[PDB]
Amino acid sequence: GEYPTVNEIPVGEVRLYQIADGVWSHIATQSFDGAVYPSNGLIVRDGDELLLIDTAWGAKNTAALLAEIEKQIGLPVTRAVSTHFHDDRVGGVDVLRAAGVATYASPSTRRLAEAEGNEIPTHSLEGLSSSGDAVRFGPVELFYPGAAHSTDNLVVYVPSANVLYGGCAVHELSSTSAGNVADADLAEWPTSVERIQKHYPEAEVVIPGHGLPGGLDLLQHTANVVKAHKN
């Protein structure tokens, strides 16, 4: 019994998984174009409050996420950051905002969500527009590694726990293919992974946007699957 997998989660429920003291991932499943996929997000203790990273991919899933957090953890989710503009990151922002959660994303993510017709986080995160940029946000550091899975993708580091949340710029070890690359920059993705590797060499856990956490090997693995895809 370990990390919850796609066939173990019916669409509509949410699981929480303890990563480190004060750090959990959240896992839910959603259908898209006629197939079912898991996806991850993060929850980080922020004093006596919680910071949420990414929705649970859908309105119902995200309402279930809030209910699961309340049951299991019982501290208020005050703020959320979405790490890029796709529905597995922002779908559910309307639920969060109606629940009083202040929602944030980079201006790039906000513009791309608006243009695509996805739900739009409220507040812009400045200081992240150039590759290599980093800012603090509560108990995490936000890092813009460059264009990869999407042009706006952000990664999240929890310094107290050495947890690197790569989001969809990072793939799980069991992958051989590169996921949904419709909005990817395949020319820049390897360079962006190299920036992550250089910036977070002490990460002890690496969490992908979809699938199982592991160690630092997920970074080079991601560069390899991107190469396999390109060719």
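Throughout, we count residues from 1 along the sequence that is shown.
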{"item": "41-49 versus 188-196 - greater average Cα B-factor per the deposited record", "value": "41-49"}
{"item": "Comparing 96-104 with 140-148, the one whose average Cα B-factor in the PDB entry is higher", "value": "96-104"}
{"item": "Peak C-alpha temperature factor (PDB record), options 207, 20, 11, 219", "value": "20"}
{"item": "Maximum C-alpha temperature factor, selected from 168, 164, 182, 27", "value": "182"}
{"item": "CA B-factor ranking of residue 110, expressed as a third of its chain", "value": "lowest"}
{"item": "Position of residue 65 among the chain's modelled residues by C-alpha B-factor, lowest, middle or highest third", "value": "middle"}
{"item": "Third of chain Cα B-factors occupied by residue 77", "value": "highest"}
{"item": "Modelled-residue ranking by C-alpha temperature factor, third containing residue 56", "value": "lowest"}
{"item": "Residue 87 - which third its CA temperature factor falls in, relative to the rest of the chain", "value": "lowest"}
